[PDB]
Number of protein chains: 2
Amino acid sequence: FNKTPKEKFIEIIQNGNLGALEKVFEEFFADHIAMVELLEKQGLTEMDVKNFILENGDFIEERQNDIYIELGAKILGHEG
Amino acid sequence: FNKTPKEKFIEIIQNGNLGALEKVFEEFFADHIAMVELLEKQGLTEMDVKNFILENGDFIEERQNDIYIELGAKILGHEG
């Protein structure tokens with residue numbers, strides 16, 4: 001209302017209990033790690049990742065909001 | 001000392017100021033998003049990602065600690 005999806009996600013993180021946050025971050029990080037391994041196995045690098053970001057700013061901004069929403073809902077619901 | 005890297009990262013998130021957290025999460029999420037796009041462009045899917053996780057548990061646990069450390073140091077230092 002008086003907050004962006006970003007601002008609301010941060011507030012959710014700041015006020016989350018340990019169990020809820022650990023469950024959500026563990027799985028998100030596991031995803032991250034797995035994607036790095038799958039990309040390297042493909043011969044793709046961190047540089048290709050950063051350049052994708054630098055060249056697709058509108059795409060990135062849109063998905064960032066969806067991620068703020070998704071992860072916040074998981075935390076407030078105690079999910080994974 | 002009396003805390004795991006996981007416990008210390010969570011404490012860091014919980015006590016972080018808005019600017020510090022937003023900067024660190026924005027870039028981490030941007031990375032995430034970019035890696036999803038690069039994997040799909042390769043014809044790799046979310047299912048391949050989850051199965052990687054399920055079959056490489058020791059690898060995942062080790063990297064998760066490194067991520068807890070890395071992101072916490074960025075937040076406590078106000079970095080990106």
Side-chain angles (χ1 to χ4, degrees), chain A residues 3-13 16 20-22 24-78 80, chain B residues 5-6 9-10 12-13 16 18-22 24-75 80:
Chain A
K3 284 164 192 184
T4 55
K6 184 168 52 181
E7 293 164 352
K8 194 179 181 300
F9 167 78
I10 302 301
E11 285 200 339
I12 286 165
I13 261 47
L21 298 168
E22 287 177 344
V24 176
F25 287 109
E26 292 164 3
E27 216 61 35
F28 195 75
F29 292 170
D31 265 54
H32 208 86
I33 292 153
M35 292 190 287
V36 170
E37 292 304 297
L38 301 169
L39 285 178
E40 295 184 18
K41 292 284 176 54
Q42 262 40 234
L44 283 165
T45 71
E46 177 55 11
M47 185 173 345
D48 299 330
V49 166
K50 292 291 192 191
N51 287 333
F52 177 93
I53 295 169
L54 296 167
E55 296 170 353
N56 294 276
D58 296 7
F59 183 86
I60 300 289
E61 180 178 349
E62 172 74 17
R63 286 300 309 170
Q64 282 169 320
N65 294 320
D66 298 329
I67 288 178
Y68 300 140
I69 297 169
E70 160 220 0
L71 290 182
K74 272 165 171 170
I75 291 170
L76 285 176
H78 299 252
Chain B
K6 184 168 52 181
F9 167 78
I10 302 301
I12 286 165
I13 261 47
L18 182 73
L21 298 168
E22 287 177 344
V24 176
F25 287 109
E26 292 164 3
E27 216 61 35
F28 195 75
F29 292 170
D31 265 54
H32 208 86
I33 292 153
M35 292 190 287
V36 170
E37 292 304 297
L38 301 169
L39 285 178
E40 295 184 18
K41 292 284 176 54
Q42 262 40 234
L44 283 165
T45 71
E46 177 55 11
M47 185 173 345
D48 299 330
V49 166
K50 292 291 192 191
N51 287 333
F52 177 93
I53 295 169
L54 296 167
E55 296 170 353
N56 294 276
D58 296 7
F59 183 86
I60 300 289
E61 180 178 349
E62 172 74 17
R63 286 300 309 170
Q64 282 169 320
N65 294 320
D66 298 329
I67 288 178
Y68 300 140
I69 297 169
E70 160 220 0
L71 290 182
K74 272 165 171 170
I75 291 170

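Chain letters run A, B, ... following the sequence lines, proteins first, then strands; residues in each count from 1.
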Q) For the atom pair CD1 (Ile12(A)) and CD (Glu7(A)), what is the distance rounded to the nearest 0.5 Å? A) 12.0 Å
Q: Tell me, with the steps shown, if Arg63(A) and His32(B) meet side chain to side chain contact (heavy atoms under 4.5 Å, CB included).
A: CA-CA 10 Å; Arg63(A) 286 300 309 170; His32(B) 208 86; over 6 Å; no
Q.
Students often mix this up, so state it plainly: with edges at 30° and 60°, are the rings of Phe28(B) and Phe29(A) parallel, tilted or perpendicular?
A. perpendicular
Q.
Quick one: does any side-chain atom of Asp48(B) pair with a main-chain N or O of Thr45(B) as donor and acceptor, under 3.5 Å?
A. yes
Q: Mind checking the CD1-CG spacing from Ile13(A) to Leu21(A)? Nearest 0.5 Å is all I need.
A: 5.5 Å
Q. For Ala34(B) and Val49(A), which heavy atoms make the closest approach, and how far apart are they?
A. CB-O, 3.7 Å
Q | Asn51(A) and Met47(A), any side-chain heavy atoms less than 4.5 Å apart | A | yes
Q) Do the side chains of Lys8(A) and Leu76(A) get nearer than 4.5 Å, heavy atoms only? A) yes
**Q.** Under 3.5 Å donor-acceptor, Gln64(B) side chain and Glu26(A) backbone
**A.** yes
Q. At what distance, to the nearest 0.5 angstrom, does CD1 of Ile60(A) lie from CD of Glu62(A)?
A. 11.5 Å
Q.
For a 4.5 angstrom cut-off between non-hydrogen side-chain atoms, does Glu46(B) reach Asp31(A)?
A. yes
Q: Measure the acute angle between the ring planes of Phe9(B) and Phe25(A), then classify it against the limits of 30° and 60° as parallel, tilted or perpendicular.
A: perpendicular
Q. Do you know which two heavy atoms are closest between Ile75(B) and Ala20(B), and how far apart they sit?
A. O-CB, 4.1 Å
**Q.** Note: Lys50(A)-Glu27(B) ion pair, threshold 4.0 Å (strictly below)
**A.** yes
Q. Is there side-chain contact between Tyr68(A) and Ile10(A), with at least one heavy-atom pair below 4.5 Å?
A. no
Q.
Given 3.5 Å as the limit, does a donor-acceptor pair link the side chain of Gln42(B) with the main chain of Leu38(B), or not?
A. yes
Q.
For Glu61(A), is there an ion pair with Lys6(A) - N to carboxylate O distance below 4.0 angstrom?
A. no
